[PDB]
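# Descriptive analysis of the structure
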Amino acid sequence: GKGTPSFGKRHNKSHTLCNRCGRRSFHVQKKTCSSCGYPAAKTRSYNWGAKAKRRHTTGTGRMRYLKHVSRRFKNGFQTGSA
Amino acid sequence: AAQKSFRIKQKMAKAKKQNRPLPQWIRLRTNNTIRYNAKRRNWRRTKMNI
Amino acid sequence: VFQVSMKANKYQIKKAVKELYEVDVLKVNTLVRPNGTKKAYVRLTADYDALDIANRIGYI
Amino acid sequence: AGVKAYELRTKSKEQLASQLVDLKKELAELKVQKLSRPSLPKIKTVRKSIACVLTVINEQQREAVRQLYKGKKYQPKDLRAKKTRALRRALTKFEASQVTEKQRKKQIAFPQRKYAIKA
RNA sequence: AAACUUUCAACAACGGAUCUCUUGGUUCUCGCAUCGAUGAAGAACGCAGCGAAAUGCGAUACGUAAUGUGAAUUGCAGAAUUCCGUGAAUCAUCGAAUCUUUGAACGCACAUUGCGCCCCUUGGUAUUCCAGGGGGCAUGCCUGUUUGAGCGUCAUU
RNA sequence: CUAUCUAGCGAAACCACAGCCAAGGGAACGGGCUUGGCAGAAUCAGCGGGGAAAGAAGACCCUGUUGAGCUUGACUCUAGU
RNA sequence: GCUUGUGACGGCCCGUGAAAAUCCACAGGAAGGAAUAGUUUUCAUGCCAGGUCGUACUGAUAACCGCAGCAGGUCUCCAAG
RNA sequence: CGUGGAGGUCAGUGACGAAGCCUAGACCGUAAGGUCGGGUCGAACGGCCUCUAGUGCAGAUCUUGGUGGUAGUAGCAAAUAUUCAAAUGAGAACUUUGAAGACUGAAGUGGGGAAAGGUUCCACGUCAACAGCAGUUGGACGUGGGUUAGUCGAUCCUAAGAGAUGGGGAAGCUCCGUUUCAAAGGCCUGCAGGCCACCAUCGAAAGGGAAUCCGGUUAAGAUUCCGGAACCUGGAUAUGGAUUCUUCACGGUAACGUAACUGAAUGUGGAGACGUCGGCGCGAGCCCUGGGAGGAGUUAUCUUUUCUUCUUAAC
RNA sequence: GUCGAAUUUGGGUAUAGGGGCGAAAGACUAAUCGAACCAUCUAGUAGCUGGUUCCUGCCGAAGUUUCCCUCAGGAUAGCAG
RNA sequence: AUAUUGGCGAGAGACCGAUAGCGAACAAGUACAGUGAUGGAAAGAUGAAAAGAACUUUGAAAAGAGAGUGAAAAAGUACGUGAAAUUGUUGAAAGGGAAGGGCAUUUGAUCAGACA
RNA sequence: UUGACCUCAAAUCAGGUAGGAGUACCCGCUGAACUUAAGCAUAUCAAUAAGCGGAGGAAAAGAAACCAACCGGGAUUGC
Ligand SMILES: [Zn+2]
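The name that the PDB entry assigns to chain C is 60S ribosomal protein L25, with the source organism given as Saccharomyces cerevisiae. The deposited entry bears the title "The structure of a di-ribosome (disome) as a unit for RQC and NGD quality control pathways recognition".

By the naming in the PDB entry, chain B goes by 60S ribosomal protein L39 and is assigned to Saccharomyces cerevisiae. Under Subcellular location, UniProt gives the following word-for-word description of chain B: "Cytoplasm". Word for word, the UniProt comment on chain B under Sequence similarities is "Belongs to the eukaryotic ribosomal protein eL39 family."

What follows is the structure, given as structure tokens:
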């Protein structure tokens, strides 16, 4: 009664996509993302979830701005050109 | 589902383009190791979860 | 029939067409294709030939 | 090859706009040809030519604005140095060297002297 | 006696052990101090001539400019308007720009590609409507500016 | 309709090695051991005695100086009032 | 006649069977109004525009969830003799 | 005895073949194990004195991987049922066409959709894999195509309800509250006038809700395309008509009536807006049926017969 | 069995873990409920069960005392090397 | 002066060597599962160079047989070596309800070792 | 009437700044239990892990309301 026939009553997504974490983790009735924590400004992180920390932390992506910073610092934050 | 978010449909086109085999000119590239796509998807077997 | 940017709309499209091609546009229909693009059907007035302008453009 | 910015930098805003318009026209025609034919990589060059043209135009306006705000107190935020946030705040050389007058007097009276130990 | 069962060798099979290898890991020591509202990290989407991804970039989209090297790239074709040149390359370097929609995220919202307001400009007879373009509209706190309320309160008409 | 025979397809549980019995003795009920009875390839369909058959590190029982739930004028505290 | 809608009635209740956007009317009497003319745009006619996103297909003994093209389960409209 | 590795040493072995593997061929050692020969193979390796240790497996219902007997066995058995012939192709129990029989029997194995799915829909090519047989076929594989809206929905409204702000608690992420002890603005006429105010916001693809129908069309789309005919909203506006010298209309006893016929703040009221059951009346569609006009079927015999077309949208 | 009411049901909404809901069975709370799921502390501890890798040689036991919330275990003496 | 598994740039090791060492030597926090938090893989090696097998033949084709390259195809994209379980063929041998094993020996098949 | 003052407000006022990330180390706050005790409640694990705030390149601390009782020393931090 509870298994194979009951599981056929499953068509009501309790989760949507976040704009922040991009995961199917945005709860609707609660309006929270249990991975990002949006729409809170704090990112959701927990020490005991270290695997999870490193699934998302810097390094995991593009680093659009940061990756060039060592170059700039090494140069000494130049101005002008040659 | 016949009345669907545009966000959703955006992702649909994404998956539609992501579901294909390799171009074969890659297999002739110097020092290749890629014989077949490992990330393909078929709606019958496995899902997207959107 | 044209492929169009997703940020477009009928007004912009109409405008740009008369601009680029020196045409009187009757009406426009749009859709977003499953391939993530904007297809744009564009009816002309009777004063013009879509065919003639097509091979003017060099697709035919 | 195509176009060169050192040839373009001697030109004006209007010539550059015309150049850009011509490039976009040509690009449109090339897109038409790209489906008439299997492959067409001449389109890359005009794509990069557009980029170079826009760069030069942006440079002209930006340097005009810079020479307009030459030696003014408030420059625009997109025109200040970026160095990094914590530095864009932190003290200046002036503020760092600001020193009270008591300390000035002690420094002048009794600065560290050069000395040596032999005899 | 065949077959069948069983053992042994060869050869062949299943399988990927062993050996050798290693653009990886780990550990130790040194040296340095640089995220972010001047909009980060992260996300989504899209970008190549021919790509799915990885990688890189953002409508200037495997990148633009400047500088250095000084003639490649390469799977195919295309180029070469050159090769004693301000000039190839997915080169390096990188100080100037672009930097989609988002994101602390900042007009308001956000399972919405949702609905408004201010300035300038352009078309439609248009201060009033529609549309396009361009630029703007968060909160708290500080410094100050201007306008202001209070029989709080002073002096005089 | 099955099982049965065929074309094609094509698993699983279980498996110390294995597979005829009696008596004895034995961890006091042996497929093997000792003494006897016996003993002929390969087998087919069923069959449900035995394999102390498989299923499951026994849920009863006892233990553990292992726990949990519940109760209470048990020990000790406690939010509250 | 069936399905359906609909109207007025009747019964039922210690149950009397959402809200707002939104549109309109009325009371009102601010205001402004004619003569060489002046007033009227809930009458008629006349001109222009009407954006964004979804739109295919299945909805089940093969497109959904049940590790699967699972005799399962999943809400609904039409419904002939 | 043996394994990995390090120091030292054999001016150690080696592509004329290193280690590695097989070898019912041999030799030494009580043994741990070592050596040699043959075959294979292709790049590093050993003996000795020392050092060092993640150091020797049959077990742990040990771990990962792989293979076996079981066994070509169990078994592929619900949903009434298939058959003939052609074409195709190498090949047809199963593809197509055609013909027969049969089913679901409209409470359908039909047609349409919401949720969900995501291109599966369609065309061509195509069978290595899946379709627990098959496979010329396919919801497969490969490549492409395809989803058109002022009128449908979303967009708006609010419901249960969530949730900022001012504030307050909280060490603190934060919690409470949403007529809050707030100095919470915008309505018309740079300014003078003047009136009002519990003012966030989100929350229904079934609730409320402005307006569109026809006929045709595609391989696949349509209230979205085409042809034609309408409607609504917003904004512009000008001609007509209407009204006035009694300036802001007339008729009707009245119910009321008209192609129009001023009317600010402000206030009142209404529609939005509403249960369920019963039966009765009315209409639409469908069902039955008559004549007549076409077409088809039966026609040894009978049957003025059986069936079918005779339709008219929104506005 | 019931089939027009304490009916059945979709969708939205509220209630969260010693907490929730409960026409009360300790039932339900995503196949999980006499205290969910995920991660961490955590390799928790375990007088208890299982396992514990090469040779040969030489030697060679104990299951007894005493005390223990001690009786499936320890210490101590004894046996052994 | 001190701390530092993070970030960046270096240099080293009596370390591990692809079931090891970071979970990841490769398109790995990827694929995939779960409503969700979270969980989380496996997967290295042709050759000096593709020279990746022209052409013929059989077949519908895959493929085979040839041929041919290459130092080698006992290196042919299922590719370094290529073990065992396990299986086929060949060969040898035995077999009355197990097999296997110790001592001893026949029989069979095979084998080293002595001299000028 | 005019002009001040005090207080509190507003403004898309001119210009500024805080948020979040990361978090090996650092300053704090809050804060357990398994465990050990052969039981167990104090005690221990632990002034730890988990949870929260906030920094830097180092932090923090630091120039004595000190250590001492010697014939006295003399900021802090670390071995
Ligand atoms: Zn999210």
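The discussion continues.
## Focus: the pattern of salt bridges
When the charged atoms of two side chains with opposite charge come close together, those side chains can pair. All chains considered together, the criterion is met by 2 salt bridges over all chains. Where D24 of chain C meets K18 of chain C, a salt bridge forms, and the shortest distance between an N and an O atom there is 3.4 Å. A salt bridge links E59 of chain D to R9 of chain D, with the nearest nitrogen and oxygen atoms 2.6 Å apart. Of the two residues, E59 of chain D sits in helix α3 (residues 42–68) while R9 of chain D sits in the loop between α1 (5–8) and α2 (13–36), which places them 50 residues apart along the sequence. Using a relative accessible area of 29% as the deciding quantity, one classes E59 of chain D as partly exposed.

## Some points on the coordination of the zinc ion
Residue and element names in this part refer to chain A. Looking at the zinc ion, the protein donor atoms are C18 (SG), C21 (SG), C33 (SG) and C36 (SG), and they sit 2.2 to 2.3 Å from it. Every donor counted, the 4 donor atoms about the zinc ion form angles of 41 to 139 degrees at the centre, which fits irregular coordination. All donor residues of the zinc ion come from one chain, and their arrangement in sequence is C-x2-C-x11-C-x2-C. Here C18, found in the loop between β1 (15–17) and β2 (24–27), pairs with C36, found in the loop between β2 and α1 (50–54); they are 18 residues apart in sequence, far enough to count as distant. The pair formed by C18 and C36 is uniform in burial state, with each residue classed as buried.

## Comments concerning the pairing of β2 of chain A
All names here are of chain A. Of the pairings in the sheet, the one linking β1 to β2 comprises 3 bridges and is antiparallel in character. In the strand pairing of β2, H15 is matched with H27. What sits between β1 and β2 in their antiparallel hairpin is a turn of 6 residues, with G22 showing a positive phi close to 60 degrees.

## As for the layout of surface pockets
Taken as a whole, the largest pocket spans an internal volume of roughly 1,500 Å³. Along its surface, the largest pocket is lined by 31 residues, and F2, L20 and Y21 of chain C together with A28 and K31 of chain D are the ones closest to its centre. Broken down by secondary-structure element, the contributors of at least two residues to the lining of the largest pocket are β1 (2–4), α1 (10–21), β3 (38–44) and α2 (50–57) of chain C together with α2 and α3 of chain D. Take the lining of the largest pocket: its biggest share by element is 10 residues, from α2 of chain D. Classifying every residue of the lining of the largest pocket gives 20 nonpolar, 3 polar and 8 charged. By volume, the second largest pocket amounts to about 790 Å³. Along its surface, the second largest pocket is lined by 18 residues, and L79, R80, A81, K82 and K83 of chain D are the ones closest to its centre. Taken together, the residues of the lining of the second largest pocket break down into 3 nonpolar, 5 polar and 10 charged.

## Section: the interface of chain C and chain B
Between chain C and chain B, the residue contacts involve 5 residues of the former and 4 residues of the latter. For the pair chain C and chain B, the two sides together bury roughly 420 Å², of which 58% comes from carbon and sulfur. Scanning the region where chain C abuts chain B turns up 0 salt bridges. At the boundary of chain C with chain B, the tally comes to 2 residue pairs in polar contact. For the side of chain C that touches chain B, a count of residues per class yields 2 nonpolar, 2 polar and 1 charged.

The rules behind these values
- Residues numbered from 1 in each chain as written, not as in the entry; some residues may be left out.
- Chains lettered and ligands numbered in written order.
- Part of a larger assembly, values for the part shown.
- Heavy atoms only, no water.
- Residues with missing side-chain atoms left out of burial classes, pairs and counts.
- UniProt positions renumbered as here; feature names shortened; annotations may be inferred.
- Salt bridge = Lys/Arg side-chain N within 4 Å of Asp/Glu carboxyl O.
- Helix = DSSP H or I, 4+ residues; strand = E, 2+ residues; numbered from the N terminus.
- Buried < 20%, exposed > 50% of the residue type's maximum accessible area, 1.4 Å probe, protein only.
- Donors = N, O, S within 2.8 Å, 3.2 Å for Na, K, Ca; no water.
- Tetrahedral: all angles 85-135°; square planar, octahedral: opposite > 155°, others 65-115°.
- Pairing = 2+ DSSP bridges.
- 1 Å grid on protein atoms, 1.4 Å probe; cavity = no way out; pocket = protein on both sides within 12 Å on 5 of 7 lines; lining within 4 Å.
- Points joined across faces, edges and corners; volume = space filled by probe spheres on them.
- Nonpolar A, V, L, I, M, F, W, Y, C, P; charged D, E, K, R; others polar.
- Contact = heavy atoms within 4.5 Å.
- Buried area = accessible area lost by both parts, 1.4 Å probe.
- Polar contact = N/O pair within 3.5 Å; in protein donor to acceptor, adjacent residues only side chain to side chain.

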